[PDB]
């Protein structure tokens, strides 16, 4: 059926398992039993494939996480609760996303790092930072936290435990924690912190 979509799904899977630099376009085609002549037909250069990953795979994942964000939310605490849920639910369905995030975005030698910068949802992130800062002015949100740095904090608290899941499964006094066991921890930490209510 659709050869282009099959090879893009094969590209994201192989890049998440062993990295971009190590994976050749000949390997991606062979992994789905497709002739390497077809991968160069849909993607002229190696750079053209990465641009399609950023637009038709990464971009679609980034938009579905930040699109329900408006500037009219009446409760900032519901807005963050929903964002945390959408990040963990996306990573639980699309297992390639947390692994590809550390390897190619966070890493300084990542191939998708530079291309990512020109596809950041700056408009909806500014709306999130404005809504959470409005809550700080009203006194319903903690005055000590930073409205801009909170985006990074939420991403770090949700994405990193799933990316390091295989690593903690190897540490003796650390193994025995699920996707549900982690989301409870992040929600309890973001809302109440360490001081008991």
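Residue numbers count along the first chain shown, from 1.
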**Study point:** Between 46-54 and 31-39 (mean CA B-factor, as deposited), the higher
**Key:** 31-39
Revision key, fill the gap. Stretch with higher mean Cα temperature factor, 142-150 vs 166-174, is 166-174
Check your understanding: Mind checking which third residue 102 falls in for C-alpha B-factor across the chain?
Key -> lowest
Exercise for review: Using the B-factor values recorded in the entry, state whether the Cα atom of residue 17 falls in the lowest, middle or highest third among the modelled residues of its chain.
Suggested key: middle
Practice item. Consider only the C-alpha atoms of the modelled residues in this chain, order them by B-factor as the entry records it, and name the third containing residue 182: lowest, middle or highest. Key: highest
Point to revise | Chain thirds of CA B-factor: placement of residue 64 | key: middle
Check your understanding: residue 78: which third of its chain by C-alpha temperature factor?
Key -> highest
